[PDB]
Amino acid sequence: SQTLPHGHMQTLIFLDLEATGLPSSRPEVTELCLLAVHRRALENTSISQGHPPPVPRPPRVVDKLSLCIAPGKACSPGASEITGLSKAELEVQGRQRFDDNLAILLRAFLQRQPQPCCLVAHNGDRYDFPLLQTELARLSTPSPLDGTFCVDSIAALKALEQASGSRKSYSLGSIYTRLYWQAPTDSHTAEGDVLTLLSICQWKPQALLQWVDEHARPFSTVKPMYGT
């Protein structure tokens, strides 16, 4: 008689973004990647066996969107160094700002995915989700995420590693190296970090899906990082 809050998630959308700086700087998004995987494709992953297990093979059927976005303010020195992006370079390559057409693009990508759909992002609750909420709030469209759910993979992997704890880092790279005994690739790029996150979430797919189903919350409840 105990039931899930929002049903079984049929799509997980792994999400990462890069931005101009840390939250108190009121940052703007400079890169976004979404990787949509159906529940069945995740639970089709070969069981992890051995120590270390091989890095899981990404499912054959996936949908991917990766975009670079011109910010309205400069990247901090540290942000440009870590991410490899700068306002100057995004402008010389004619990247457009975060605008209504981008919301329309995002909505049409999300609409191709079976519902219910859940965003999954590492530190999403403190960074990616509030910042995306802020960017979308500036636009004239409805939120393209208004019927989409979300979860933070830090909590998920803390739970999953407990089932298999203190001053163990739950950074993306730390987890990946603990699970697979190799370093990740293309760190601090939106698509590279989404692919690393997919690999971590393919470690124990059934357990990950159960945790996500139980912890998914509506994206519409995410408080913006900062306001107009």
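One-based numbering along the sequence shown. In this text, rigid core is short for the largest set of C-alphas that superpose within 1.5 Å between two forms.
In summary, of the stretches 185-193 and 34-42, 185-193 shows the greater Cα distance from the shown form in 5 other deposited structures of this protein, with structures fitted on the rigid core. Compared with other deposited structures of the same protein, residue 198 does not meet the criterion of being unmodelled in at least one third, since all of those that resolve residues on both sides include it. Missing-residue comparison: residue 59 falls in the unmodelled set for none of the other PDB entries checked, so it is not missing from a third of them. The segment from residue 164 to residue 165 is interrupted, since 4 to 9 residues of the deposited sequence in that interval carry no coordinates. In this entry, 154-162 has the higher mean Cα B-factor, the comparison being between 154-162 and 91-99. Mean C-alpha B-factor is higher over 39-47 than over the other stretch, the pair under comparison being 39-47 and 196-204. Residue 130: CA B factor lies in the lowest third for its chain, per the PDB record. Sorting the modelled residues of the chain by their CA temperature factor places residue 80 in the highest third. When the CA B factors of the chain's modelled residues are split into thirds, the value for residue 73 lands in the highest one. Split the chain's modelled residues into thirds by C-alpha temperature factor. Residue 55 is in the highest one.
The deposited CA B-factor of residue 191 belongs to the lowest third of values across its chain.
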